[PDB]
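Report on the following structure.
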Amino acid sequence: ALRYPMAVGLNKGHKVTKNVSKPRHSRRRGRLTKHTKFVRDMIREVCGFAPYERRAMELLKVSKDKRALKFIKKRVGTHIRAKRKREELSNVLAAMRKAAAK
Amino acid sequence: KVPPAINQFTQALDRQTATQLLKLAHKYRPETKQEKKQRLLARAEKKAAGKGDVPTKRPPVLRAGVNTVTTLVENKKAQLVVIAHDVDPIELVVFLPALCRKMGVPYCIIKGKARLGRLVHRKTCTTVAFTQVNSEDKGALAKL
Amino acid sequence: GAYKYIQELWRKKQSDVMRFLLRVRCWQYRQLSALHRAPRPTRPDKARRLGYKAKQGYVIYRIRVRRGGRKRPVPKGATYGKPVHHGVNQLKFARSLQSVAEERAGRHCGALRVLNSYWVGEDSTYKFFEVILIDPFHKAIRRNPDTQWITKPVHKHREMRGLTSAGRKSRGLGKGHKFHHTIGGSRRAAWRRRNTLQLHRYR
Amino acid sequence: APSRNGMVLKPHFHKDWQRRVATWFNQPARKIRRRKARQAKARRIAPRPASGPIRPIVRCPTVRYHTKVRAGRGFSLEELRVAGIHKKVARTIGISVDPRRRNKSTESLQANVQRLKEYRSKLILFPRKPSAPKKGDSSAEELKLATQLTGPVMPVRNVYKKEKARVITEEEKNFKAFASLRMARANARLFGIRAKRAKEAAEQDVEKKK
RNA sequence: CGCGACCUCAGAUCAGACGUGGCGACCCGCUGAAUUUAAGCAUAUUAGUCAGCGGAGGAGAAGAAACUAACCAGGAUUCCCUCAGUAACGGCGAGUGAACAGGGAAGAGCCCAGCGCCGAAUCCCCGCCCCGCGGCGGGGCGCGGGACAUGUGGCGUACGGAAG
RNA sequence: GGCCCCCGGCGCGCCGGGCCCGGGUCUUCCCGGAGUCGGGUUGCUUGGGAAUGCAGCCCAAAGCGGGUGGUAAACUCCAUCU
Ligand SMILES: [Mg+2]
Ligand SMILES: [Mg+2]
Ligand SMILES: [Mg+2]
Ligand SMILES: [Mg+2]
Ligand SMILES: [Mg+2]
Ligand SMILES: [Mg+2]
Ligand SMILES: [Mg+2]
Ligand SMILES: [Mg+2]
Ligand SMILES: [Mg+2]
Ligand SMILES: [Mg+2]
Ligand SMILES: [Mg+2]
Ligand SMILES: [Mg+2]
Ligand SMILES: [Mg+2]
Ligand SMILES: [Mg+2]
């Protein structure tokens, strides 16, 4: 025939019909719920911020974003975790900026 | 330097107000073991002859316990929350003033977890919450 | 739902409120003895997460351990041998300090069973842990299924055989490619299997 | 010392091996003890199959063994759900279940539901109280038809679809098997770099005129 | 300005229980050499072994995936055969050295915390009565004590669960 | 093969009491373990090799997150577990 199943190539593999199904409930782990988000927001305004988080906000306030990321990565430890933390710290700065605007 | 989350529990109710609050709260104490037995036996006697189920309007009662009160505040079901000022592991109630204010339920801080315990026939209670109240005490609860 | 708030609160150990509480408590624990019974769990949510229940038979012991590594206990630093074994300082104990605190609680209270432990504070020179113990002969413990397992003879001194959560972490147990050292139950179990010469009857 | 030609040998006998030597003089005794336990277990579960629960049809993982099929740990919940068996009742009637096994394809799914439906048809169920047969089975098909089953229940067997000889068409004769394999390997190897070069060329194309 | 509640502590030859020490072939947690080999020797090897300390049971430990894989996918632990003296480590020297898949022995799965709902529904102790003794339980009673809302019990646990 | 004595677990009728509703469909809700993970460094350990595991010290999390995917790193998709 023109084309055959192959053990190599971009479309390699034995051909089976894929069984589509709902993902397992363990794969749901880590999703943020409405109540858990509410609790974490409660604790954040009760507690505040860690001293390194406040320092990183000063760097973001003067728009030293590369230096802020270097500082956060040195504190938290990894690039992926630092990028997520920097976005959140940028978000709270923007949130309190528009709160003080009105 | 005590952070305001911990310093807020030093502001307790004055003696006059705490007296009106506990005097009202005396009318809604949870039923003891003895009078629950008396009530349950009466239900058994009445069910035997001859009314039947007879819910008979489960009366308003003072809800107690930090886990119970927290859910009531989160559901906006509490009308008034009373927090003891001397919870020794002070993490059980540090969020409650902020949580109550966020949910709009009025809250006060009172002197003595032992006084709250006597309300519920126990040694100690962190918090008690006022749910719906009898009509003759709606005026009193509103003033508080 | 208050336990959820306390859990999120204790995840903020560097906040102003938690920094104050941890410092004051660490000062207070410094004034007490190294081994000391606590009237109640300091962290009730963390305790019950680890197996504790507020009923008779469960007791709490606060343990204070000294921080740092393990100096080799040789006279004048002389470890007579090859230079690879000359190390005296910068040596580290195989078991964590939490496992040591559990062992000290269990040794003192030999009639109780160590269940778990958790962190309540630390200094530059001390770490403080609270250990959950169970009285195996109290009727509340003994008449309850789902708790009767701790009453068995095989479960005595778990903290000394590395069977508690803290003591288990140093044994290198686990599933998959990172934990090939302990296939068979332990390092010794794996080592004996891999170093035994199987001489069959028919070779 | 080496002596003339020979193989460079590396014995692993430098580690006090004689303290850990496993002799096998209890091998014949071990086989007797295992046989006795098997026979005692079979007697204990008197009409139930001696080998145990039915096992699913399962393909072997890697590329070395994926042509073979064997018995798995237990039936997946997706298989039981479409076969109409409760996941908690299945273990009572001799069906092994594996809650952590997934079904990636439908062929393996449907292969195992015919296995469950075949087993369920061949199952003789005794009533809990023999004097009160509620919904299990008739007494006729369990008075004498009940017999302990020896060997695995419905043993998993590799099957081959025999192809009859056919006339080779011209399209099959013109197919280039070696050339296709060589080109398929090249296409998979250069797929990522071909896209990047096309992407870079597209960037130059959308601004080439200015 | 004494009397109460709680908290945190203390004493008792208080009522009732429990631990200690031995054995230690097998098992678990640590600590841990040097002889030796390298034709010297220091890394390496001996060896995570001897010695040392602690803790168990009739077995122990492990154990129901923060797994293996990359397949058309398998599916807790433990043991045997094989993988394999292999991948790898190594003054890349002497030497050391697993795992996956496959075939078997055996095969068994579950429980909390948390989120919630249920008038704390929960548990221990002490007196009284009856049925029993043989490892001390069953039932009933006590406006009898205590624990416990700083959280007991029932439902329920990632395979989803609850309520209509 | 016989006789004697003792002990233990198997079905039936009864006894004393407990014992409380299961599945499918739809709808509305609810879902998780923190000085822990992870990172740096140090020492030991491993076949684990730009670091397999364990531990001390310092830093110190997130929630479409986290871990793993045997070469360090950035971006991207996927797989797998929790
Ligand atoms: Mg050496
Ligand atoms: Mg006495
Ligand atoms: Mg002993
Ligand atoms: Mg030599
Ligand atoms: Mg020599
Ligand atoms: Mg020894
Ligand atoms: Mg065991
Ligand atoms: Mg275990
Ligand atoms: Mg699981
Ligand atoms: Mg070979
Ligand atoms: Mg070695
Ligand atoms: Mg078998
Ligand atoms: Mg509960
Ligand atoms: Mg790579």
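We count from 1, first residue shown onward.
Even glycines carry a Cβ here, placed using N, Cα and C.
Cβ environment of B:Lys23 (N6-acetyllysine): no same-chain residue six or more positions apart lies under 8 Å away. Feature annotation from Swiss-Prot assigns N6-acetyllysine to B:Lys23 (among others).
The SUMO2 cross-link annotation in Swiss-Prot covers B:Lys23 (among others).
Residues annotated as SUMO2 cross-link in Swiss-Prot, with a large-scale study or a structure entry given as evidence: B:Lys51 (among others). A C-beta separation below 8 Å, combined with a sequence spacing of at least six in one chain, links B:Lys51 (SUMO2 cross-link) to none of the other residues. Secondary structure at B:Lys51 (SUMO2 cross-link), taken from DSSP and collapsed to helix, strand or coil, is coil.
Packing around B:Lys143 (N6-acetyllysine) is summarised by its Cβ count: 8 other Cβ atoms lie within 10 angstroms of its Cβ, all protein chains included. As annotated by Swiss-Prot, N6-acetyllysine applies to B:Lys143 (among others), with the evidence given as a large-scale study or a structure entry.
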